[PDB]
Each structure stands twice: as C-alpha cells, then as structure tokens.
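Shown next, in structure tokens, is the structure this report addresses.
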Amino acid sequence: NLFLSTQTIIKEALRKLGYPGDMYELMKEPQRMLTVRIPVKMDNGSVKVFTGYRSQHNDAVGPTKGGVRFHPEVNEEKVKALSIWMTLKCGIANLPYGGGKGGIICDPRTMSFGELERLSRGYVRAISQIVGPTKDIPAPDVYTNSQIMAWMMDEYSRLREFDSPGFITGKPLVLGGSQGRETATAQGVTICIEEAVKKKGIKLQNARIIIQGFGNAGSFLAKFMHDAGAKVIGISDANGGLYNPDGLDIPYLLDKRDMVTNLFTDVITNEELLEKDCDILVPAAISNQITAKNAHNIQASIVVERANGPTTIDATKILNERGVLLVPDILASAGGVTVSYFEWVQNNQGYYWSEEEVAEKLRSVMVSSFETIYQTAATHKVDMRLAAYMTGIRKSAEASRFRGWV
Amino acid sequence: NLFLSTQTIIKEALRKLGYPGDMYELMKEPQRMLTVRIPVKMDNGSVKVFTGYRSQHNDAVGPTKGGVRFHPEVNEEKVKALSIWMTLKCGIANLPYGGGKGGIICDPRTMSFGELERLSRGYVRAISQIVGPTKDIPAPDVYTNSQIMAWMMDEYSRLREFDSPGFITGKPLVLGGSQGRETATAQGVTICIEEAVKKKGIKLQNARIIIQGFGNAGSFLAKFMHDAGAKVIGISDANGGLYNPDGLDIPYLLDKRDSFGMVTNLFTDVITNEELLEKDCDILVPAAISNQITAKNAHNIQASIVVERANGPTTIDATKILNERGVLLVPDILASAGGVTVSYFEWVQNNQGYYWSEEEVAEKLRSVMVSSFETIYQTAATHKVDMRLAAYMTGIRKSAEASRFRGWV
Amino acid sequence: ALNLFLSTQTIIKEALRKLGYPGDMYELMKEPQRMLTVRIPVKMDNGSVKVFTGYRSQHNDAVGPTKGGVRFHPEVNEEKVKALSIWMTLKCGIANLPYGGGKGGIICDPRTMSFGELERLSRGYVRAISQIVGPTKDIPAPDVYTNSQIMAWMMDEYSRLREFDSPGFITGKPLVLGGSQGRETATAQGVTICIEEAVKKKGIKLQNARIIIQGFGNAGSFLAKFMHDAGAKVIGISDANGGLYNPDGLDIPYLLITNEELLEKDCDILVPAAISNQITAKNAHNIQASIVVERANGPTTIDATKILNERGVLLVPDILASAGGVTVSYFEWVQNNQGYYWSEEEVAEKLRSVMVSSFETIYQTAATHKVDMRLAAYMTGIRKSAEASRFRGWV
Amino acid sequence: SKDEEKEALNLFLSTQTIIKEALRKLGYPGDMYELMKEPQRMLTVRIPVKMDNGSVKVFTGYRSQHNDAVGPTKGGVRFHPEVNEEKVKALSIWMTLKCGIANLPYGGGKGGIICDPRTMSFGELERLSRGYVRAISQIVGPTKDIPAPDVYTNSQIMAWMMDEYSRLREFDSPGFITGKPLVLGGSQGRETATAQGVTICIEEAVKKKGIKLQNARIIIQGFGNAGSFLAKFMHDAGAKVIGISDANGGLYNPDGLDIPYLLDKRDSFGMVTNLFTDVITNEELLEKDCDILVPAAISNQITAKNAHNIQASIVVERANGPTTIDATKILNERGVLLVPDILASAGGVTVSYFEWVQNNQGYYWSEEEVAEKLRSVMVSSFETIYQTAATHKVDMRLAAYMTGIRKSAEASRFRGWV
Amino acid sequence: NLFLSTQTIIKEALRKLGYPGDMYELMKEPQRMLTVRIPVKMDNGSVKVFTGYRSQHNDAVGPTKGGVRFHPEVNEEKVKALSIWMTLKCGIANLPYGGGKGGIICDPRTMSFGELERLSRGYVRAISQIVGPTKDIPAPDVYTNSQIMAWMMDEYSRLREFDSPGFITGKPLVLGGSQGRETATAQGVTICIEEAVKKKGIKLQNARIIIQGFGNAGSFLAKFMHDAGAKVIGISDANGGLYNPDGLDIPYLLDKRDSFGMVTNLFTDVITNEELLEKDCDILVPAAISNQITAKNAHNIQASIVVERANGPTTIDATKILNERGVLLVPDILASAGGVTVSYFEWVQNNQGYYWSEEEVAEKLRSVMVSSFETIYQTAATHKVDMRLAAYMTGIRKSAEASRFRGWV
C-alpha cells in the first residue's frame, strides 16, 4: 500500500524524465531483498527466533545507505518501500549512494539492554555477506540509536578482523561518529528558507514567518529566524498558536517551555494560524494540515514543509497554480541523511571534521539541491515536489543506463 | 621505434640525474606486460578473438595509471613506450603513481555500440587479476570515452561484488567522475603562460601573444588571454594566419568561428603559418601540429617564451637553437599535464567517496601546475639544461628515487 | 625445433579441423589466453643488481587451472614458452587431466650462477607473477635447469605472500614439502604400460613378444629389464658403436652390426631412444616390427609415420608413451588438495589406469577417424579444451 | 604455586636439552637448534567475558605455533588454572614431534587459557571459547593452525569454536578444528584414538620382550579417560591388570583386578579407590612387580631416586612427561623397553589428522577405515623409532625426538630458512 | 618496572575517571602480544635467529599505532609498557587509534645495511597476519628511520600484491611520507607555551623565558620566542648557563652557536645549569635530561610556567611540589604530541592518496595541539589534579569509553 503509493510516484517521475517503461521495471523492486531468521538467547533462558530484513534498492550510483528499524509492525513491503524513498533522498542531496533499509520484527520496549545487544549482533551476523562500507551502510531509525550502532559496528569489526567504522553511521563520537549530527536536519530547513526567500525578492531580515510546533525542530527555526533579524510573527504547539504582526518575543517564549501556548490568552487555533498573513509558512508534523479546504486561504508566499506530509496532493496542486513556493519535506529535511553521508566520508579518510566544517559542507549541499530542484521544476513546469522526486531517481536512472543495465 | 626513442629519453634523463646503469636496466622495460586474447560475440553471430595489452611500467611510487586505446595500429611496443611516457607525466605533476597503459587491436569505427561494450567487458575480465584501485587505474584514450569507462567500471564492480569507481577514471559524473575535466588541459596551459611571463618580468596584462591553431585548444587560449588584458596578435588555422601589431578583436572571431575551427579563409590580407611563426611578440604558442619549428625556422622566432601545447611541434635541434638564444621553451609534457592531474583528482575523490566543486578542482589544478613549473625551472637552472630535458629528469626521478628506497636497485 | 611456435600452431589447426571445429576454435587456441612478461631485479653475489626477463604463458583454462614447468635457460624466449604451453595443453588432454597448459621461463644461465643467486631469482619470479598464479590457477613444475630445490624455494616464497603453507602452488617438490611418491619411474613405467597394451592389440602375449631396444642408457635399460622379467625376448639391443641382434634373445642381466640394419631386422616390437630421424622414409618401408614405441622424442619423421600407418604397423607416439611424467605431477597436486599422501604402490596403480585409458581412447580415435596415433594423440589432446571452451560459451 | 611453575619451566628446558642433542645426533650444526628451540610465533591474548553474576572477567590465553615448515600447525587447547606460557611452548614442541613420528604433514601448535572450568557454567565456558577464537582468528584456520581438545576441553568446546570461526568467515569451516561431533564433520575413531594408539604400542613392545599379551601383567597409573579406556583394552586382550590408581591411592592385586566392576563403579572424575580400604600410594604402586607399567596420570613420577626400583620390563608413557632425563638413563641402563609419550600417545593427533583430511575433501570414512589407517601409522611409527634407537645406540626417547624433528629440520632447510 | 610504573599510572587515571576495577583489568595488559623468531642470513654466511615483538594494547578506538625499536635491551615488558604509553598519546591528540609498539633484540650498530634490510623484511613477514593499514601501523623509533620504513613498506606491499603506504609511517616523501614532520614536535612545544601564557594572563610579548639546551630543539624555541616578541633571558649548553634579565641577544647567539649547539664558551660570564633553573622568570623549559628538577631544588623554581620538552625532566615529587606552589606544569607527553600527530596525518594522506602542503600540515597540527591543551586544562580543573595526571586521564579515557560502547566491559 505504502509500497504501491511509492511505486506510482517512481513511475510518474520516470515518465516525466522521458524514460520508457523498462526503467520503471528496473526501479520498482529492490535489486536485492534479504530476509533472515535470527535466534537470540533471551534473559529468561529461552531462545526466540526473530525475523529481519534488509532491502537494497539500487546500487548503480554507489553502495546503498539507510536505517534499520526495531518495531513490531516492521514488514517486508514497508522495508522495500522505505528503501526506494532513501534512493530519492540520496538523489536529492546528490549523495554517491543508492537507497537501502532494514528492520527487525520485535518490540524493543519489552527487551533488556543485553537482549537488544544480542539481537543487534545476530542481525549483523545474519546479513554480513551483503553489507559493509563499500556495499551497504546502515544507520539509526525507529527504536535504534548510537548504542545499537556501536554494537553492530563492533560485531562487524570482529567478523572482519579490523575496525570497520564505515560500515554503519550514527556512531558515538569516539567510535568515529560525525560532529554536527544533532541539528543537521533543522539546519537544512533554515538554509531552504534562505534560498526560497531569495527567489521571492524578500530579504531574510524583513521576512515575517509562521512556525507550527515548538519542540526541538520548531524552536530551532524560531531562534534562527529571530537571531537573523526576522520576525517570527507566529508560533504554535498542541494547545494552539500565538499571532502578532510585530514579531513574537522568542527569547521569552523559549525561556519557558517543555510546550508554551497554555500560559497566554488570545490563543488561536492551528487552523486559523495557517491562514494568517506572512511571507513564510512552516507547518510541523501532522499530516494533511493544508488541504483543498485551506489551500486557497494560505497567505504565505513560501511554504516550507518540515515533516511528515502536511500538504495534500490537491493542496499542493492549488498552491502551485496560485504561485506559492512549496519546499517539500523530502528536500527540506535532507540534512539528516547528508551528515550521515559525511560520517562515512570521514571514516573513509580516518579524519574527523569540526562542527563548523560540517556546517559549511552541509550548506553547500543544501544550496545546490535547492537550485537543481527549482531549475528542474521550471524546466518541466511542475511543482517542486514532483521535481524533487525526479531529481531523486534521476541519478540512479542515469547511472543504470551508463552501466549497461537498461 | 617510439619505444627506442622513448628508451633514449630515459637513458639520458637518468644519466643527467647521476644514476648508474642498473637504474636504466630497471626503467627501460616495464615491470609487467600482459597480453591477452579476448573472444567477443559479434552482432552477425560469429566470434572474433581480439588481442589486448596492458603495460605497467613501474609502481615504486604508487599504483600504475594510464589510458586504454582502441585502434587497428595498436601494438605491444607502442603500449610499453606510452606507459613509460605516463611515468614521466606522473613524475612531472608529482602524482603518487607510476605509468600504465593499455590497448586493443580493433577498429571501433566499424563496430556497433554493443560489440564495443562486449569488448570492453572482455578486456576487464581478461586483465582483472592485475588491475584495480590500489594496483592499476585506466582512463580514456584514442577512441575510448566515458561510456567505455562506465562499462569497464560496471564489469569490474560485478567481479568484486561492490562498486569500484576508483578502478578507472574519466567516468561520467553520476558514476564518480570529477568536475573540471573538460578544460583541464587548456587551464594547465594558461597557468604555464602566467608563470612563464613572471620569469621574463612581463606583466600578463601587457604581454603580446600569438597562437597557431583555432580549434578547441587555440580558441580557449585566445579567450583567456584577451580577458586577462593581453593583446592577442597572431592567430593561425588550417588555412593561414592573421596578424596585427596591436590586439586583434578576439570576440569577433570567437563568435563567427567555423564549427571545425576555421576563420581567416573569410578575411582581407593573410600570411601563411611559417610567416606567422617568425613574427614579433613575447609568447608563441604553436597549438595544432608537428615540427612547426625546425632547424630552419629556429633563428627567426622572436618570442621570448615558446609554450608548446600539442605534441611534437619543435625538433630536437630547434630546441637546442632556442635554448642557445635564451628563449624560455615550455615543453608540452609539462603544459598539457592538467589532463593527467584531474584524472588523478577523480581517483582521490573516489578513494574518499567525496566529490569536489569545479572551483576546488580549478584551485587544486593551478597549485599542482605552479609547483610543477617551478620545480622543472629550477632543475633546468640547477643542472644547466633546457626545460625539456629538465622535464624528463623530474618525470623519471620520483620513480627512480622510490625504487632505490625500496631496495630494488 | 626452430619455428617451434609456427609448427605447433599447424598441428593444432589440423587436429581441430579433423575434429570438425570451425576456424574460430583455432583463433581461440592459436595464442595463449594470457602471456605475462616480467622484469625481475636480483642482487648478485658480487653486489651488482642484474635485471632478468621472465615469462609465464597460460594457454587455456577452460578445463581447469593451467599446469607446466619453468625453465632457466639462455635461449628461453617468449614464442618458445608459448609453444610449450600449448604442448602442455595437449599432454593434459591426452592423460584426461583437469588442467590446461602453462609454461614459464627465465632468460638466464644457471650454470654460471651461485646457489644463493638462483634462490633469489626464484623468489623474484614468484613475487613477479604471484597475482596470476597459485593452486587454483596455474601450477608450475621443474623443467630445463630447474629441480626440486628450485620448487622448494618457490613454494616457500608463495606461502609467505599468502600467510599459509601453499604446497599445491607448484609440483616436483621434495617429499618433506608435500611431494609425491612414484616420480622417478613415472615416465618409464608409462612406456612399459604402452608396450603391454600394444602387444594385446596385435593378438600376441608379452612373454612371447620379441623386442629391439635402441639406446641402452637410463631410458632403454629400465625397459630392457622390465621385458626380461616379463618373460619376453630382448632380440635387439643398441647404443653408440653398433648393435647386438640375437633371434634367441640377449643375455640381459649378464648385460649389466650397424643400427640401420637392426631397425629393419625381424621382430614384433621396436623401441628407439633420444636422437631423432632414426626412422626416415628411407627406413619406413623396410621396418618389420609390427609395433613401434617412441620412448623419447622425434625418432620417426613426419613421412616415416605416413608409410608405417599405411601398412599396418601400430605406432605409439612419444607424446602418449611419456605422459606418466605429467600424470604424477597432477597426482602430487591432488595430494596437496587433500592434505593426504599416497604410497609408491597406490601411485603406480593410479598411473597405470591413466595410461590404459589414454591408450584406448587414442587408439579408438585413430580408428574412428582413420589417422595414425600421433594425429589421434594431437586430437584427443585439444578436444577437451575445445569442448570445455564451447560448453562455457567462449566460442 | 612456585613448585608447579618450576615444573612447567623445567619441562621446557628439558625438552630444549633433548631436542638439541637430537639435532646434533642427526648431523645439524648449532643454528638449526636456534630455529627449533623456540616457536616461530607465540601469541598471548586478553579475553573479556561477561560472567553469570553480571561482572566481567578478563582471561589470559595463549597460542604457540612451533614450526610450520612441513604444514600447518596442529595441537589442542587446554583450560586449566596452571596453564603457563612455558608449558604451552613445550607442548607445542611435543606436538611437532608427535607429528613427525606419525609422519603427518603438520608441525606443532598448542594453546591454553588460564581458567578453572570446574567452577564455570556452560554459558560461561561457551562465551570464553568464542572469545578465544575471536582473539586468535588472524593466525589460525584450516590452512594455518588447527586446534583440538585437551585438558578440560571436549567436543562441545570444539563445536562452539568451529561455529564462531565459521561466522567470522561466512562459511562453514570444519577443518579449522578437530575433535568435533560427528554431525559437524567429526571423525569415526576419535573417542578412543589415544588409548587405541597406546594399546598398539603395548602390543608391539610385548613382541620385543617375547611376552604374550594374554600373559602380561599390567599396572596403569591413572583412571581418567586414558587409563580407564586402556584398562578395558587390556582386560579385553586377556591381560591381567594387577594395578590401578586414581588421585587417592592405588589398588594392587596379583590375582588381577576386576576391571569391569571398577569401570562400572568409577566417577565422572575417574575416582573409584575410595570404595576400598587397602589403598596403597602411587609411589608404592610404581615399584610393585609387573611386566608393564603405564604412567597414565601426571608427570615426574619416575625419577632418579626411584627408577632403580621399577620392576616392569616395559614402561609405556600414556601421560606427558612422567619420566625424567635421569630416570630415562637409569631405565635404559637396566634394559627396560621404554615407549616414550610422544610415541605412545601419537594416536590422538593421528586421528585428528584424518578428521582434517576428511574435512578438506568433504567426504567421511568408516570406522574400519580409520581403525586400519591408525594401526598402520602406529605400527610403522613404533618400528621406526625402535630401529633408530638400535642403529644409533641411543635411548628410545632420544630416538623418538630424532625421528620426530627430522622432517621439520629437513623442510626448514629446503625452504631456505637455515 | 617501566611496566609496573605504567600500570599504576593507568590504575590511577582510571580510578580518578571513576571506572571500576574491570576497566583496569582490560587496560593493564595488551589485547594481543606477539613474539616472533626471525632467522636472518648474515653477511659472513651464518644464520642468526632474532627475537621480535609486537604489542597491540587496545583497538576499541581504531587500529593500533606506534614505533619499532631495534636495540639490545629490547624486551617483552618494555614493548608492552611502551604500547600503553602510545594509547595515552593517541587519546591526548584525539587520534582515532589505540597504541601499539614493536622491538627486535639486536644491535644495529654492529650490523651492515644488507643485514638490517633482511631483518626488517623478516620482521614484516613474521608479523604480517596482525598488521596493516586498517589494523596496526608502525613508525620509526630507537635506531630505526625512514629507510627502515621504506624496506618494511616494500615487503608488506609485495605480500599483498599492491602498494600499501598506509601500513607504516615515517616514510620518505616519495613513498607517501608527509611534509611538516621535521618540526612537528618543536611546533607543539611552542603552541603549548602560547596556551599556558594565556591561562596565566601573561602576554607572549611580555614573557621571560629560560631555555635549557641550545641544540636544534632549544635554538628553535629560542628563535620562535625571540621572533614572537618575548624575551629569552636564559640559555644553556653542556658547558653552562648565560643569564640576562633584560633579555639575551638571541640573533647574535644563533649565529655564533656551533654545529653541535655550543656557545657560552665564547663568554666569560657563564653560570651553571643548576644555578640557571632557579633564576627568576615566567617560563622554564628544562633540558631533555631526566631528573633536572628533583625534590632538592623544586621549591627554588621561580617560573610560574614549566614546559617539559622531552625525556621526563621533573620527578614525581618535584611535580606535586610545583602543583602545590601553583606553578603550571605542562607535561612532556602533551607538549611532544605533534610527533604522533604528524604520523597520523601521514596515514590519513595515505588513505586518501592525497598529500598536503607543509602549511596545511602546520595548520591542522596547531589546531589539534590547541584542543588537547584546552581539554587537559579543563579536566585538570574539574578534578583538581595537575596537568600530568589530567594528560593521563584524557589518555586512556577515549579507549575506556570506546571499550564500553562496544560492549567489552
């Protein structure tokens, strides 16, 4: 279903790029799909056999790259689909990678640390033949973290008889992790505002911006925008939104939170906060915030998605026709995958970059990805979302051609 | 013959460097020479067996590096000779490489795309055991191109079960190629002009220059020089050459250039190539073809700087005559080194898995060329020889020094 | 020979034609799959560094890894090495070995080189060609002016490069390094076996057969003994000076006119030795043995064999009779593969079943194509590689 | 204890002494001894293991690879609190000798871990075994160095080590290690290999003294695995086993002991004598009258102030090092026929070799086949050392060492090492 | 004993870090210790069998790294002891490495160059299974040098059938050596002086410095300080001290020093080295001679900053005394860390196939040493210990965290 929805998107994107159908037949399923059974000694002395997966979508451009999930709903179809999505993000950030993804069907919340360790190592031993720094490079995802990565890195290094940091990203700093990982995703959101705002004549300092969500993501964009000399006209959280044409007191609002709306009167609803006057609207979380109902009322010259599919297909169509600049999530949120790439480059070198160097390299990537997608949207007269998808599978498509596969 | 005159260059470069005879017995032949026989299914259903070669001259300094030719006149001695030539180029740009070279005896012009892919894959399968990113890294050459490189990279990567972009350079950008490849050689030439002028006290802005040839090479050069300030006097082509004590209008000709690098043939008065060569100027760049400057022409060149672009435009005797007179001759084994340099840069990017901007490549290119210019200059001065021999000396030196440190001789 | 490479190519051509292959098969076989030339610097006892040219030709590996010796000689050259590798392919085919042919050599003169120098050249050769050689690829052996000490040095060097003992890289090793029992008699044994099978075919018994034996050295004495002990009459013996012919039988153990008359004297079996052209088209019509066995190389001319085969005499070619050598070298490699070593007796016995099967299949091929055994040997020789190359999809 | 560590060192010095002489008697100048006296490679490792009580304990292990001129190294691993470097090195040299004696294409390797398995769980033992493989895997494998069981290790430990090695490699690697369970590429014959080999040596020795085995009177010191399997072979052969011992004392009975009863009544540990009242001491048992004395327990049991009192006409050493240099000289002086340990016990490595061969092929032999090949190796090994002792006029132990290093010495030479 | 002393340093650094005993039991002994016997053919025809070692302390953080010594007093415990010290150095410079170290028992002063080549290759062949670019990377140490490194590099490369520069550091530049290696150590000392000065609120142009020893280390320091604007008020050589509270004429003293670092005998106003240590100043840089500052003279030091160059110049009791009196002691293991740091950079360059200029190297080096000083300074403050114990803590800390993340203890 997700799988089928993901298939249709690749078909359309390839169709628009000018490819005949054989390229779709190549791209529509992974090159390789591995299913494994992994026995694990449970604390209570039993043995439990877990089912795991690793999908390697297409390696024409380079080795595959993507997270491993530990979750009871993990399944084969989903893992294939998320691997295809990873290909798109690799194309977007122009990474020398194809997409990969894995998962294990388990519930880490009812498991001890030891059991999780043992399952992590069993996963690495089950898939080692098809995975490695030149082949397929995993990462954190749902219910996995830098610890799980450390354990998988250790197991892999033992199988091989040499330290292999480059096998897997999201590692602890002392195991060859990258600086700049914690705010990588939000930093690229900000760089996408800076480049969208140039296209629409506004100067950043004069920009009036509305931001939904005031957790980690929202507040980072908040402070960045305030510190840039712009006016965060509007904020929002679970409770509702604050609007104020002069610019909100972000230093004060940051100083008390968890998050903040509750301690104020004149709290409007997230619905009306969306239709307010601003240059830039950034919705967080929450699918289908902007729909066919809302779309005509959105006042912003620029919408920057910061998650999770907040604009419907119909709404995206409307805003495109109405000439608003929609920066999609798949481009705006690509910093995460970018610094995970950078961690792997650093492991290739055995040389580690400072926070600042990581940030400079990040922005050059984001700025270039923005421009390619825009110039693509212009030259094919499509929205930047379809344009993002085209620039997503395009690399793999051209790579596969060049290599004599289709 | 190319081989024999190639061995003669090596013998003399080593002699001038002060090495005894054993160093030359090591350098005169390659360390390894593989000849292979490659069966390929042709479109008409028959099977043709091709002869393939790969020569790896000396890897004391690093893996061997060099292009693969497809041509009916390819042979073993040529391939050996050219691998020795690669070694000198590597030395000259201070690349961590030794010289390698390959060839298949075939006529790509009478073969289909498919036959060419099948041949390309067969070659890699035939030589896989002795090549790769840490051993021997090929590149395009006569009648091979980025598409041949793509098919060769693919085949190699399948043999090894992981993507191996560093096997082979001149790849397409999406398979790990480098920015900067297109104008690498021409950029290299212009930096040699800037530095050549710095040693004759002339300012770039005030230098007056003639450039024989108006194909891609010559044009780039005129453009650059114009934009810098300099007056681009002479400009030749197949048919003949304009002149004008003061700057020709470059923008005019650039636009109304023929596709195939032809102007002049539509203009007023127009001297022949031979006269253009004898005119007055600071810099002469004989782009284009061979033996343009002979024992005859030699005393008549007025340039204080002669920058060779294409190969062979000046005879051994001409080069003596020009060194006599105090004219700075920049040999093309140096001036064209940008090509080998950016092919190296692509390998480095493949090693790190990390790709440079065209501006980074440009900035790195110039710093290698400046450095290479200076060291060939100072060894000319130090040993009281000309830039060509000095270039040959610095080309083979690194390999010689590495072979000694490694205990080979 | 002199155009050894041109001359071996002609044979391959004719044998592939008679097998019925189109010419694309001959294009594939006329030249080695790989030919590698190396330059090998070597420190000499006197402090100087001498640089040698070395070669390795790997003819065709359709059937299996390539197999063949390395020689150290002043007249080694590239074409000769290639010619010899093709000949190896043929021998492998004849004995039905799961091998293709290979050869190497070095241009040098061991007679004026010290032991230390030969050790250092040997290790040098190995380090130069290691990338394309070893137990699953190309397995060398002793040849002109290389022996078991040279094999030992080479094996040691290859093992170091690899970080594990690699006895299967190279054959003719000393026993203590994984050599095979049965090696010293393997060639001569195989000749006696060929006599035994030939005899069987003319409807005559071994103990009743009457044998003339030209040459009386290491080669011809082993056979002169064997035949005596088998109860047969050694009717003719010969050497340098003349030759002794007794229709009663010669006094072989105690024995411990001209040759040209002797070869035409009446008997069942005639066996020449070493030197060539002893049978020309002068002697060919006058020869009266019904069975000629080439112990050593080139005794019968290209014509002398036409005449003979025209008129009923069963000729056993040297390339078959002498295959025991190649066969025991293979068995050494099998033992290396297993890590398990066979007795003298097991080796003798397996050598015999190899030679018996080869004799039959070459006889039968000579019969079904109506050609002599030599051409039949050449044919069975390349046929394996040819078949293997075809099944593998190469031509 | 200093005592035990002093004994470990002296075992190493004493083996260096005899090896030196062996090599001299074999015609080699001093430099061959300099090659052989110590191993090509000695690896010492620290292995962290998560214990049952939640703590982590860091164990010391060792692997000594004496000489691989002739083939990959071969030899077991012990888990014991008295493991030490010196003894691990010495044992690795013994293994070279056993291999030369049995004419196998191997040199000698040995390992151990300083631990006490009596007080560890199965889980902990598994984790330590896997950690040992993970620590040494760079220098070990089917073509390099092939371990096996030894003191306090068994076919279960072998199975865990094979499994881990195979995961490191990503393919089943049976030939890495011998003594495995049958279903993992184990060999028929393994369980009884050592004792069957000892018993072939007893059958050959008894011919040399014109004794019929039926009529032979035997004292076996030690009723562990070795000694109990042997007491059974002897009892089945019709010999009279008049003496047995475990740790606490020995039973002697010139009528013949009831071996089936003793074998039914013995422990896991191999104790049985507690059930009886007249228990003499091993010391005393060693001196009792008999035809055949078999020290099958611990080392240094026949010494200088002792060897004159041994009444046996045959001493067959099942256990390692039960007889000193000086004892050996006295025994040789008195006409005792001595079957040294490195000969007597070569049956275990002989069958572990066969296991490895069957692993290399991927093809398994019947029990009869192994039994026939074992017999023919051991009969051949016995005669060759007996004739070496006769022709060179030396004791059986010197002859055993000569025949034991000969091949490695020759091989090292041919390879250009010395 | 070196081994016991270094164990008790580890036990204390780990205890102050807050780790329980199981971390000490992991760290107290190397993960792998290999001892090898290496038969070498001598010039005279004999074979001699040498004992070699290689200790790999801990590789939680990355591969192990450290020199190989050739020396008569080499033994197992020393090699292990020294591998632990490398771990500390690596943690201090924040290198992605653990510590290793090797030695062979031999006397290279009585051995020919051929013999040393043979031993070197022999050591490499003996240990190749546990060594390489991703595993364990050697370096020069006592009586080994870049010629030894080049031989080892050659041998290892032949074993692998590919050029393997990254196996071993300290190589000649033509085999993938690094620039900046000659002054690495000295540059780091000067950077540490600059940092200490800032923490004590003294501007460098106002600092007064006594430097013991006028060899290459001392004279380099002296020039740097003089050119920085500081006043060098005390120098010394073997023959004695010159002291002048207004500042010495360093340019003069640099030109008159001889090729053995001698001067002071050109002057009649000389004092003793022992007197010089007690003269007033801001910064004292003792001689790379052990136990210059013992307990008998430690209360008489008037420097507020003591920078140890090399060689453990202040005893354990002296250094507590100095900490009590608020003297800032910069320990040798920090100040000398640029050596290990340029070795690491050589390895990085090897990994890339891409080589840095001397200035890029100078700049990355400075940045590392600035961060190390700061991180050790902050950790000495937060635990109220001196810079020595905090150097040690920062030392094993990275391997301790790495080992816990990886699940070892």
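In what follows, chains are A, B, ... by sequence order, proteins preceding strands, each numbered from 1. Values reported hereafter were calculated over all heavy atoms of this structure, with side chains retained and with hydrogens, waters and symmetry mates removed.
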Specify which of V49(D), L35(D), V56(D) makes the most heavy-atom pairs with chain E at under 4.5 Å.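 Option with the top pair count is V56(D).
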Please tell me if the side chains of [X] and [Y] come closer than 4.5 Å, counting only heavy atoms from C-beta onward.
{"X": "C115(D)", "Y": "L128(D)", "value": "yes"}
{"X": "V70(D)", "Y": "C99(D)", "value": "no"}
{"X": "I105(E)", "Y": "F50(E)", "value": "no"}

With a 4.5 angstrom heavy-atom cut-off, could you sort out which part of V49(E) is near chain D: side chain, backbone, both or neither?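 Only the side chain of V49(E) comes within 4.5 Å of chain D.
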Just do the side-chain contact (heavy atoms from CB on, under 4.5 Å) check on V83(D) and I113(D) with the steps written out, would you? CA-CA 6 Å; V83(D) 159; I113(D) 310 191; over 6 Å; no
Yes or no on side-chain contact (heavy atoms from CB on, under 4.5 Å) for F70(E) and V68(E), after CA distance, side-chain angles and deciding distance? CA-CA 7 Å; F70(E) 294 173; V68(E) 188; 3.9 Å; yes
What distance separates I130(E) CD1 from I139(D) CD1, expressed to the nearest 0.5 Å?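 Between atom CD1 of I130(E) and atom CD1 of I139(D) there are 7.5 Å.
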How far does CD1 of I19(D) sit from CG of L23(D), to the nearest 0.5 angstrom?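 Going from CD1 on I19(D) over to CG on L23(D), the span is 6.0 Å.
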Answer with side chain, backbone, both or neither: which region of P29(D) has an atom nearer than 4.5 Å to a non-hydrogen atom of chain E?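 Contact with chain E: none, neither part.
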Could you please show the donor-acceptor pairs under 3.5 angstrom between chain E and chain D, with distances rounded to 0.1 Å?
| unit_1 | atom_1 | unit_2 | atom_2 | d |
| --- | --- | --- | --- | --- |
| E25(E) | O | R46(D) | NH1 | 3.1 |
| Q31(E) | O | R46(D) | N | 3.4 |
| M33(E) | N | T44(D) | O | 2.9 |
| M33(E) | O | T44(D) | N | 2.8 |
| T35(E) | N | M42(D) | O | 2.8 |
| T35(E) | O | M42(D) | N | 2.9 |
| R37(E) | N | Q40(D) | O | 3.1 |
| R37(E) | NH1 | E34(D) | O | 3.1 |
| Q129(E) | O | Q138(D) | NE2 | 3.2 |
| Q129(E) | NE2 | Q138(D) | O | 3.2 |

